[PDB]
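Trainee: Residue numbers (the deposited numbering), protein chains in the order written: chain H, 26 to 100; chain C, 26 to 100; chain E, 27 to 99; chain F, 27 to 99; chain D, 26 to 99; chain B, 24 to 100; chain A, 25 to 100; chain G, 27 to 99.
Have a look at the structure that comes next, please.
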Amino acid sequence: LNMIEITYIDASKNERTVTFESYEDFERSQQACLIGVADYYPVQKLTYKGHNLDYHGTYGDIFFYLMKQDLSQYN
Amino acid sequence: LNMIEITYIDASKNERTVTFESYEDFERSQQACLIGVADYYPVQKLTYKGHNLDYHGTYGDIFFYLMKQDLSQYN
Amino acid sequence: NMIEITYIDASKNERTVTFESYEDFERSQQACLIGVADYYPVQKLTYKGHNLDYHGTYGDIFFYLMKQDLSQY
Amino acid sequence: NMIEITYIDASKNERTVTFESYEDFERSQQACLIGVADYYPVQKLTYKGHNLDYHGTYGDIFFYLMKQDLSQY
Amino acid sequence: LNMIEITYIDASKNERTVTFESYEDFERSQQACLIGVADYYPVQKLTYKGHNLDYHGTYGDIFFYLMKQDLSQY
Amino acid sequence: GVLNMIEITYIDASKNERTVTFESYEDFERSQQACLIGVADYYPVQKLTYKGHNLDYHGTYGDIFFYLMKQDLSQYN
Amino acid sequence: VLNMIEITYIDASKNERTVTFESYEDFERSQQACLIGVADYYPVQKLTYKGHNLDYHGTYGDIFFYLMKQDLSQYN
Amino acid sequence: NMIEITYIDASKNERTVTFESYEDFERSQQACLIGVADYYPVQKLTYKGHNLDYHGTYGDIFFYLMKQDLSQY
Ligand SMILES: [Mg+2]
Ligand SMILES: [Mg+2]
Ligand SMILES: [Mg+2]
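Below is the structure:
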């Protein structure tokens, strides 16, 4: 029910989780914001189709990171 | 069937249309952006459940406008 | 309402905001990093009933009022 | 003061802001493109004297309150 | 010469042209800026490997536009 | 007596001290009007000096403008 | 010459505004001080350096880079 | 790579970016209204293979380099 799930820690030191049903839903979210609220927040967990990707970096860099991964291998 | 459709004119003087499946999806998109790309753009058409609302304003003001409306009148 | 400000937004619609006191206005200036209306042209600025001859953006009102002598109104 | 919010700023000092009504709070949210305090952690959020159990940033308060059934207070 | 050429009109009504040696250079500029100075400026010409793409939009929308096009036909 | 009416020292994100000076109060006010957002606005102030007097200020660079406006500075003339 | 740099631009209310800098270094410090300058996207009606009208066509924000690329020594 | 800059981002990781010339760097500064890394601490700054004694944020590198006589190198 959720291809992409992202957990990050916000400036109040609380965990927040956002999900996207498809990859295209994630792309639309990136295109919609001039600046995302969470763009500078460290990512605690990035999962794609249930697979944990070993991502280290900010929420804002996820978009670029995803494009350079071979994603078809996750089924 | 999209519940919300918004057409606005961007800085290239081109009409752009975005859609949301639920009010919740629209609210989430508002919460996600520190600043939305389209927030200062004039709205050409705001449609809710197939009804054209009589909306004269910017994209960024839609959220506050919709919250003051009784949307139960639209079916 | 001690201060009333009318401006034109990017959809070319008139909008009006009011502040009950000068301190309410000051507080709204300190509260935003950027005000939504900061770059909007001002059509009318009213101080205690008086139409001030103001020509400029919403964001410039604060510095304008600071330099004026308001005790005469 | 129906709404009172205490938060910690970037100099590590506590600051408090108050809103006389929920509608005054809504107006302040609508007024700023970005609020100065939006990324500051909230130390206390009170509503009609009730200490709400809020854990989050100042900028997330608006969406939080919108979700709560405040009538219980 | 340059794989990507972009001409836009700035707020002084002057035409400005920027160029990128490769698509990856263009991608690097996009990732580097939180906000690019030209992002809201209308594009008058977008050229890819010498070919005028029929692009109608802002500078800021070019990246997503390019990502969706099949570029190996130029 | 003092070259600059306003001197401000703050700590940036690299944890280094930066000092800016304003020859007059008007120069400072002009600088506040000229920036939509100032680079240093969220930085803590380590020292705020007005006409050579270290004011006992605790806050961000961005909040100096409002602080000064509310102070009675007549005691410094 | 009163001020080394004089800039007139048109703000969003379509009014002419003029700012001056006594020295080039004052002008540089003002460009370092703002993350974003209020006037950066405003069109420039006149740019005067040491009393000389420069033939400047552009936005306020681009002046800094324009001046850095010019040989301004002819104006000394 | 004539200019090499290592900084630390919102997540102590180090990242390195390079520019082929001073002119290339200058163009990169003109192109962003705000650079993603502008507030990040610089851990190393190299010009033509020489480590410069730079203590500051990424965003302040430009004003630092502009004041140096780089022909020395
Ligand atoms: Mg400010
Ligand atoms: Mg971004
Ligand atoms: Mg490069």
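Note that the Cβ used here is the ideal one computed from N, Cα and C, for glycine as well.
1) Which residues in chain F sit within 7 Å of residue 104 of chain C, going by Cβ to Cβ distance?
2) Any idea if E:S47 is buried or exposed, counting beta-carbon neighbours within 10 angstroms, 16 or more meaning buried?
3) Would you mind reading off the limits of the beta strand (DSSP E) that contains C:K70?
4) Please tell me whether E:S47 has its Cβ less than 9 Å away from any Cβ of chain F.
5) For H:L78, which residues does DSSP report across the bridge?
6) Short of 7 Å Cβ to Cβ, which residues in the segment 78-98 of chain E face chain B?
7) Does chain B have any CB closer than 9 Å to the CB of A:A63?
8) Under the assumption that E:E40 contacts E:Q69 (Cβ atoms under 8 Å), give the Cβ distance between them as a whole number of angstroms.
9) Cα-Cα, which of C:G85, C:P67, C:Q94 is closest to C:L78?
10) How would you list, in chain order, the residues of chain B whose beta-carbon sits under 8 Å from the beta-carbon of G:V68?
11) According to DSSP, is B:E46 part of a helix, a strand, or is it coil?
12) With DSSP as the reference, identify every bridge partner of A:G61, one or two as the case may be.
13) B:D64 and B:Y80 look like a contact to me (Cβ under 8 Å); what is the Cβ gap, rounded to whole Å?
14) Is the beta carbon of E:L59 less than 9 Å from the beta carbon of F:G61?
15) Would you please state the rounded distance, in angstroms, between the beta carbons of A:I31 and A:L71? I believe it to be under 8 Å.
16) So the alpha helix (DSSP H) H:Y90 belongs to, where does it begin and stop?
17) From D:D35 to F:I29, what does the alpha carbon distance come to, in whole angstroms?
18) Return yes when at least one heavy atom of ligand 3 lies under 8 Å from the C-beta of residue 101 of chain G, else no.
19) For G:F51, I'd like the list of residues in its chain whose CB is within less than 7 Å of its CB, leaving aside the five on either flank, ordered along the chain.
20) Using the C-alpha atoms, what's the distance from A:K74 back to G:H76?
21) Nearest-angstrom Cα distance between H:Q98 and H:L26?
22) Does any residue of chain E have a CB that is nearer than 9 Å to the CB of B:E40?
23) So, with DSSP's three-state summary, where would you put A:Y84?
24) Is it buried or exposed for F:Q55, if we count other Cβ within 10 angstroms and need 16 for buried?
25) Is there a Cβ from chain E that is less than 9 Å from the Cβ of B:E52?
26) Skipping 5 residues on each side, what residues in its chain have a beta carbon closer than 7 Å to that of C:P67?
27) Three-state secondary structure (DSSP) at B:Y99?
28) What residues in its chain sit with their C-beta under 7 Å from that of E:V43, if we drop five residues either side in the sequence?
29) I'd like to know if B:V43 contacts chain A, where contact means its C-beta is closer than 9 Å to some C-beta of that chain.
30) Closer than 6 Å by C-beta to G:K38: which residues in its own chain qualify, once you throw out the five before and the five after it? Chain order, please.
31) Compute the minimum distance between the beta carbon of B:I60 and the heavy atoms of ligand 1, and state whether it is under 8 Å.
Mentor: Concretely, from the data shown:
1) Absent from the model: residue 104 of chain C. The displayed extent of chain C is 26 to 100, so no value can be given.
2) In the third sequence, counting from the first residue as 1, residue 47 of chain E sits at position 21. When all chains shown are included, E:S47 counts as exposed.
3) Here residue 70 of chain C refers to the residue found at position 45 of the second sequence. Run containing C:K70: 68-73, per the beta strand (DSSP E) assignment.
4) Translated into positions along the third sequence, residue 47 of chain E becomes position 21. No, no contact with chain F.
5) Here residue 78 of chain H refers to the residue found at position 53 when the first sequence is read from its first residue. Per DSSP, H:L71.
6) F89
7) Position 39 of the seventh sequence holds residue 63 of chain A. It does; some Cβ of chain B falls within 9 Å.
8) As a first step, residue 40 of chain E must be located in the third sequence, where it is residue number 14. As a first step, residue 69 of chain E must be located in the third sequence, where it is residue number 43. E:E40 to E:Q69, Cβ: 7 Å. Contact.
9) Taking the second sequence and counting its residues from 1, the one referred to as residue 78 of chain C is at position 53. Residue C:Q94 is the option with its Cα nearest to C:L78.
10) Reading the eighth sequence from its first residue, position 42 is the one you call residue 68 of chain G. The contacting residues are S37.
11) Translated into the one-based positions of the sixth sequence, residue 46 of chain B becomes position 23. Coil.
12) Here residue 61 of chain A is taken as the residue at index 37 of the seventh sequence, counted from 1. Paired residues: B:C58.
13) As a first step, residue 64 of chain B is located in the sixth sequence; it is residue number 41 there, counting from the start. As a first step, residue 80 of chain B is located in the sixth sequence; it is residue number 57 there, counting from the start. In fact, because the Cβ distance is near 15 Å, the residues do not count as touching under 8 Å.
14) As a first step, residue 59 of chain E is located in the third sequence; it is residue number 33 there, counting from the start. As a first step, residue 61 of chain F is located in the fourth sequence; it is residue number 35 there, counting from the start. Contact flag set, yes.
15) Numbered from its first residue, the seventh sequence carries residue 31 of chain A at position 7. Numbered from its first residue, the seventh sequence carries residue 71 of chain A at position 47. About 6 Å separates the two Cβ atoms, so the contact holds.
16) For the purposes of this step, residue 90 of chain H is identified with residue 65 of the first sequence, where counting begins at 1. Residues 87-92.
17) For the purposes of this step, residue 35 of chain D is taken as the residue at position 10 of the fifth sequence. For the purposes of this step, residue 29 of chain F is taken as the residue at position 3 of the fourth sequence. Between D:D35 and F:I29, the C-alpha separation is close to 44 Å.
18) Outside the shown range of chain G (27 to 99) lies residue 101 of chain G, about which nothing can therefore be said.
19) As a working mapping, residue 51 of chain G is identified with position 25 in the eighth sequence. Around G:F51: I29, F45.
20) The count along the eighth sequence starts at 1 and reaches residue 76 of chain G at position 50. The count along the seventh sequence starts at 1 and reaches residue 74 of chain A at position 50. Roughly 37 Å separates the two Cα atoms.
21) Taking the first residue of the first sequence as position 1, residue 98 of chain H is located at position 73. Taking the first residue of the first sequence as position 1, residue 26 of chain H is located at position 1. About 19 Å.
22) The count along the sixth sequence starts at 1 and reaches residue 40 of chain B at position 17. Chain E, which has no Cβ nearer than 9 Å to the Cβ of B:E40, makes this no.
23) Counted from its first residue, the seventh sequence places residue 84 of chain A at position 60. Here A:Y84 sits in helix by DSSP.
24) Working through the fourth sequence from its first residue, we reach residue 55 of chain F at position 29. Buried, since its Cβ has 16 or more Cβ neighbours within 10 Å.
25) Position 29 of the sixth sequence, counting from 1, holds the residue named residue 52 of chain B. Closer than 9 Å to some Cβ of chain E, the Cβ of B:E52 qualifies, so yes.
26) Position 42 of the second sequence, counted from the first residue, corresponds to residue 67 of chain C. For C:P67, where only same-chain residues beyond five positions count, the Cβ hits under 7 Å are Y33, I34, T83.
27) In the sixth sequence, residue 99 of chain B corresponds to position 76, counting from 1. Here B:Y99 sits in helix by DSSP.
28) Start at 1 with the first residue of the third sequence, and residue 43 of chain E comes out as number 17. Contacts found: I31.
29) If you number the sixth sequence from 1, residue 43 of chain B lands on position 20. At least one chain A Cβ lies under 9 Å of B:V43.
30) For the purposes of this step, residue 38 of chain G is taken as the residue at position 12 of the eighth sequence. Same-chain partners within the cutoff: there are none.
31) Against the sixth sequence, residue 60 of chain B aligns to sequence position 37. For ligand 1, at least one heavy atom lies less than 8 Å from the Cβ of B:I60.
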